[PDB]
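**Q** First the structure, which I've put down as structure tokens, then a few questions once you've had a look.
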Amino acid sequence: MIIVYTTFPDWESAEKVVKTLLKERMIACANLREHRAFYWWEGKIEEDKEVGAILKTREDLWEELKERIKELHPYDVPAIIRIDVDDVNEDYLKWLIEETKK
Amino acid sequence: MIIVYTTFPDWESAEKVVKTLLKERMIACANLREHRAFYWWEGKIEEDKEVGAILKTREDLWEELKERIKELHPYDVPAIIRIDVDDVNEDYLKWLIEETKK
Amino acid sequence: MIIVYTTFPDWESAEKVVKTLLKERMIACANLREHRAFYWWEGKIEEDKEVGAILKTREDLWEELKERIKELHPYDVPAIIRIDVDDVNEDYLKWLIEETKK
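Residue numbers (my numbering), protein chains in the order written: chain R, 1 to 102; chain A, 103 to 204; chain Z, 205 to 306.
If you want it as structure tokens, here you go:
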């Protein structure tokens with residue numbers, strides 16, 4: 001399995017994008033939590049409030065999922081970061097395989 | 103070293119499981135923080151509040167630690183995700199080797 | 205690209221260290237968020253409040269960045285953890301390459 005981390009403008013879209021993704025079964029689970037973003041943006045170091053999301057799904061889905069977020073994200077260019085999981089416990093991953101579209 | 107991410111029902115058990123783990127010296131450090139879980143559960147997309155935990159220990163401990171959490175987790179099937187650390191600074195990891203059971 | 209996770213005593217230094225890093229262009233973006241630390245410290249299992257940071261930059265920068273944090277961190281021995289990103293979307297990483305010193 002893998003972890004996909006992306007950030008959102010506000011809770012609205014995060015929940016919207018995330019529930020859409022679960023419905024479509026692109027991911028099994030999501031963990032959202034706010035955080036303060038400090039980043040280089042066009043003419044200045046900006047600081048705003050964001051809603052980061054931790055999506056968890058199948059490695060084979062990485063491609064189509066990345067595609068799907070591009071299409072759903074409020075941001076013209078989302079951060080879609082994939083971090084592979086080197087190991088996971090025996091039940092969970094069976095629960096995740098079942099929960100994601102085939 | 104590696105990172106082990108697991109989620110809890112509430113702060114009660116998170117602290118209970120986490121302090122138990124440190125005592126037993128299964129991990130050197132833990133970082134807990136709440137997050138909103140959106141996941142596929144039996145008959146519906148549920149949404150609740152959770153307490154995610156970031157455990158940090160030795161790679162050789164991964165096996166026994168996974169075992170230990172299964173035995174301690176409130177959840178009948180915990181998410182026990184291992185993410186290997188590709189590199190870490192020189193002091194910290196010595197501090198972590200010392201802090202974990204031999 | 206890679207992820208560098210480090211923790212801070214309070215928001216003061218986190219923002220100070222993080223903005224310094226962006227200015228110097230050592231990293232493109234940072235996401236800070238508080239968390240409760242439970243860790244083995246000298247004579248006891250301590251529990252305090254921390255400000256964890258997720259720094260995102262180039263893998264080639266890992267070395268100099270680790271060096272730089274050691275020099276900037278309030279902590280005599282920071283946790284500087286590097287987690288490589290196995291994949292990232294096509295725009296973002298171009299935006300990150302541009303945002304980091306050459």
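Ideal Cβ placement from N, Cα and C applies to all residues, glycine included.
Please report how far the alpha carbon of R138/A lies from the alpha carbon of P282/Z, in whole angstroms.
**A** For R138/A and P282/Z, the distance between alpha carbons rounds to 29 Å.
**Q** Chain R beta carbons: is any one of them nearer than 8 Å to that of residue 71/A?
**A** For chain A, the structure presents residues 103 to 204; residue 71/A sits outside this window and is missing.
**Q** Tell me which residue opens and which closes the beta strand (DSSP E) that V208/Z is part of.
**A** Counting along the chain, the beta strand (DSSP E) containing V208/Z begins and ends at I206 to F212.
**Q** Among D91/R, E64/R, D84/R and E63/R, which one has its Cα closest to the Cα of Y177/A?
**A** The shortest C-alpha separation from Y177/A is found at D91/R.
**Q** Counting only C-beta atoms, is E303/Z closer than 8 Å to chain R at any point?
**A** For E303/Z, the answer is yes, since a Cβ of chain R falls inside 8 Å of its Cβ.
**Q** Measuring only between beta-carbons, confirm whether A139/A sits less than 8 Å from chain R.
**A** Closer than 8 Å: yes.
**Q** CB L72/R to CB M1/R, shorter than 8 Å?
**A** Cβ distance not < 8 Å, so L72/R and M1/R don't count as in contact.
**Q** Could you check the C-alpha separation between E251/Z and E50/R for me, to the nearest Å?
**A** Near 26 Å, if we compare the C-alpha coordinates of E50/R and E251/Z.
**Q** Closest to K118/A by CA distance: which of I105/A, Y107/A and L134/A is it?
**A** Answer by Cα proximity: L134/A.
**Q** DSSP three-state call for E34/R: helix, strand or coil?
**A** It is a strand residue.
**Q** Nearest to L22/R by CA position, among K125/A, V120/A and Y141/A, is which residue?
**A** Out of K125/A, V120/A and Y141/A, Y141/A has the C-alpha closest to the C-alpha of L22/R.
**Q** Which of the three DSSP states is assigned to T122/A in this structure?
**A** Note: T122/A maps to helix in three-state DSSP.
**Q** Taking contact to mean 3 or more Cβ pairs, one atom from each stretch, closer than 8 Å, check whether the stretch 154-165 of chain A and the stretch 105-122 of chain A are in contact.
**A** At 8 Å Cβ cutoff, the stretches touch.
**Q** Mapping DSSP to helix, strand and coil, what is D288/Z?
**A** Residue state, collapsed to three classes: strand.
**Q** In the DSSP assignment, what are the bridge partners of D60/R?
**A** Beta-bridge pairing links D60/R to no other residue.
**Q** If distances are taken between C-alpha atoms only, which option among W299/Z, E238/Z, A232/Z and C233/Z comes closest to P213/Z?
**A** Out of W299/Z, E238/Z, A232/Z and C233/Z, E238/Z has the C-alpha closest to the C-alpha of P213/Z.
**Q** So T202/A and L163/A are supposed to be a Cβ contact under 8 Å. How far apart are they, rounded?
**A** About 6 Å; that satisfies the 8 Å criterion.
**Q** Using a Cβ-Cβ cut-off of 8 Å (strictly less than) and excluding sequence neighbours within five positions of residue 307/Z, which residues of its own chain qualify?
**A** Only positions 205 to 306 of chain Z appear in this structure, which leaves residue 307/Z out of reach.
**Q** Using only CA atoms, which one of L65/R, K70/R and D87/R lies nearest to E24/R?
**A** It is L65/R.
**Q** Can you pull the chain Z residues whose beta carbon is under 7 Å from the beta carbon of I185/A, in chain order?
**A** Chain Z residues near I185/A: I287.
**Q** Can you check DSSP and say which residues form a bridge with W245/Z?
**A** Answer is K248/Z, bridged to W245/Z.
**Q** Tell me where the alpha helix (DSSP H) around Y279/Z begins and ends.
**A** Neither: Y279/Z is in no alpha helix (DSSP H) and is coded neither H nor E.
**Q** Please name the residue in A232/Z, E263/Z, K260/Z and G247/Z whose C-alpha comes closest to that of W41/R.
**A** Nearest C-alpha to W41/R: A232/Z.
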